[PDB]
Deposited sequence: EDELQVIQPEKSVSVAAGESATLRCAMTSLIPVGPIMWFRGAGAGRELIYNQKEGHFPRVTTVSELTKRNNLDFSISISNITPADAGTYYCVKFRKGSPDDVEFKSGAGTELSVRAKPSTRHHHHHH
């Protein structure tokens, strides 16, 4: 079945630069959205979703789900996960997560 590839375990970024967070899926099946989160708890923060939501700091770089986050500050430090969902009803359901990429900030 599908695997989620986050080739970087960590990215060091100087404050004020952009951060590139890389992700690929190995398959298009099951159909469902790919999202980026900061954190892996229930309280994780949605960082990017393609079809819905407003994410002004995020640009996408199909099996490539890599993103760029503009103007990084120390507050952006954390671990970022690229997560595949399967379509569900009423809600989509998490199918697989990438390993996470830690964003560290050089102040």
| query | finding |
| --- | --- |
| Regions of the deposited sequence not represented in the model | 1 to 2, 64 to 70, 117 to 127 |
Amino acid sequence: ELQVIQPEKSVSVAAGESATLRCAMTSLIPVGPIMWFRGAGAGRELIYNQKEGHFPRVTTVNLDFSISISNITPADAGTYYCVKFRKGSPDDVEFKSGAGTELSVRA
From here on, numbers count along this sequence of modelled residues.
| property | result |
| --- | --- |
| 35 to 43 set against 22 to 30, stretch whose average Cα temperature factor tops the other in the entry | 22 to 30 |
| Segment of higher mean CA temperature factor, 8 to 16 or 93 to 101 | 8 to 16 |
| Third of the chain, ranked by Cα B-factor, where residue 77 sits | middle |
